[PDB]
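*Asks:* Experimental coordinates follow, after the sequence.
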There are 2 protein chains.
Amino acid sequence: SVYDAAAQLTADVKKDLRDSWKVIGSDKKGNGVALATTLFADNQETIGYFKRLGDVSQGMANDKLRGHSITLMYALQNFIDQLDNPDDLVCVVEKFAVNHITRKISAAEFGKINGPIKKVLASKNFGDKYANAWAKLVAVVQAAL
Amino acid sequence: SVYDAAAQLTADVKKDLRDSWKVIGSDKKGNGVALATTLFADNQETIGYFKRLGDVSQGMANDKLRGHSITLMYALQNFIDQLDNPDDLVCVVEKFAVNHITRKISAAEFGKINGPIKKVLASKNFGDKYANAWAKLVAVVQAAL
Ligand code: HEM
Ligand code: HEM
C-alpha cells in the first residue's frame, strides 16, 4: 500500500532527502523550470499532456509554465515537510495522485520524472545516493497510481 | 485586472501578511483544517462543490479533507513567497485561479473565504488590520476568476 511505501522511508533516506532539498528547494522558480524543461527535452512524448501550458519551449518566458513549475516545487515541499508522519504524507500523496489519475498518467509514466530529478540533483553535485533517495519518494506516489 | 490588484499590495500590506503568516503558517495541518471547516460551517451552500472529499463534517478524521487542507496552506505559502516579484505572484495566482474556474467558482464565492480567514486570524490574536491585509491578497485571485 501507499502507507507501506511511506513507512519504509528510513532515517538515512529522509536525511538525504532533506539535505538535498535544502539546496534544490531554495530556488523553486529556477530549479522548478529546469525540472520541467528537462522532462520535455528527454521525454518529448510527454509534451502533448501539457497543452494547457502553451509553447513549453519558451521556458522561463512562458508565464503558464513558470506558474506550473513553481507550484510543482511546493508539492515537493509539502512531501518533504510530511516525512516524519506517514499518515500525513499518505493523505497529501493521494491528493496529488488524483491530480494525475484524472490526466491518465500511469505509475510508469510518472516515473519518467526520475531522470530529470537525477540531472537537477547532479547540477548541484548531489550524486547517485541522492538520486536513489528521491526515487524512493517518487515510488510512494507510484504506489498510489 | 490582476495586475492592478497585485499593485495594491503595498509595503505595509506585505509586512502584515508576512508577520501573520509566520504564525498561522506554522501549523498548516491544524489551521488548514480550521479554515476549511469554518468555511463549510459558515457557508453551508458551498459544501456541494466539495463532493470529492466525502463527509466534510468529519473534519480532521477525514483523510481527503486533511490532504486537501494541508495542500491549501501550501498555496498560501506560495503566494507569500512570491510577494517580492509581482510577475511571479501573478503567474501562480492565475494557475490556482484555473483550478477554481474549472470548478465553476466565481469571484464572489471565492471571496467567502474572507470570513473564515478573519476568524482563524482572530483566534491567534490578529485583528481586523490583518484580516484586511489578507482580503487584499484574496482580491488578487478574485481578479483572475
Ligand atoms: C515529482 C513529480 C511530480 C509532481 C510533484 C507533480 C506535481 C504536479 C502538480 C502540483 C500539478 C498541478 C495539479 C493541478 O492543479 O491540477 C501537476 C499537473 C500535471 N502533471 Fe505533474 N507532477 C509530477 C510528475 C509528472 C509527470 C512525470 C507527468 C507526466 C508524465 C505529469 C503530468 C502532469 C500533467 C499532464 C499535469 C496537468 C498540467 C495542466 O494542464 O495544468 N506530472 N503535477
Ligand atoms: C484562500 C483561498 C483558497 C485557496 C488558496 C484555495 C486553494 C485550493 C487548492 C490548492 C486546491 C486544489 C486544486 C486542485 O488540485 O485541483 C483547491 C481546490 C478546490 N477549491 Fe479552493 N482555495 C481557496 C478558496 C476556495 C473557496 C472559497 C471555494 C469555494 C467557495 C473553493 C473551492 C474549491 C473546490 C471545489 C476545489 C476542488 C476540491 C476537490 O475536489 O479536490 N476554494 N483550492
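*Replies:* That came through fine. Numbers count the residues shown, from 1 in each chain, chains lettered A, B, ... in the order given. Ligands and ions are numbered 1, 2, ... in the order given.
*Asks:* Quickly check: the longest helix along chain A near ligand 2 or not.
*Replies:* If you go by DSSP state H, chain A has its longest helix at helix A:63-81. No: residues of helix A:63-81 contacting ligand 2 under Cβ under 6 Å from any ligand atom: none, with a closest distance of 8.6 Å. (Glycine included, C-beta is placed from N, CA and C.)
*Asks:* residues near whichever residue of chain A sits closest to ligand 2, how many?
*Replies:* Nearest residue of chain A to ligand 2: residue A:99, at 5.1 Å (Cβ to the nearest ligand atom). Using other Cβ atoms under 10 Å in any protein chain shown, residue A:99 has 12 neighbouring residues.
*Asks:* what residue lies at the spatial centre of chain A?
*Replies:* In chain A, the centroid-proximal residue (Cα atoms, centre = their mean) is residue A:76; its distance is 5.9 Å.
*Asks:* still on that earlier bit, element containing the residue of chain A closest to ligand 2?
*Replies:* Assessed by DSSP states H and E, residue A:99 sits inside helix A:86-101.
*Asks:* which bits of chain A sit near ligand 1?
*Replies:* Counting by Cβ under 6 Å from any ligand atom, the residues of chain A lying close to ligand 1 are A:46, A:49-50, A:52, A:68, A:71-72, A:75-76, A:96, A:99-100, A:103, A:105, A:109-110, A:112-113.
*Asks:* what residues are up against the nearest residue to residue A:55 once chain neighbours are set aside?
*Replies:* Distance criterion Cβ to Cβ, 6 or more residues apart in numbering or on different chains; nearest residue to residue A:55, sequence neighbours excluded, is residue A:62 at 6.4 Å. By Cβ atoms under 8 Å, 6 or more residues apart in numbering or on different chains, the contact list for residue A:62 reads A:53-56.
*Asks:* number of nearby residues for the residue nearest to residue A:1 when sequence neighbours are not counted?
*Replies:* Nearest-residue entry for residue A:1: residue A:143, 6.8 Å, with adjacent residues in sequence omitted and distances by Cβ to Cβ, 6+ apart. Each residue near residue A:143 was counted by other Cβ under 10 Å, and the total is 17.
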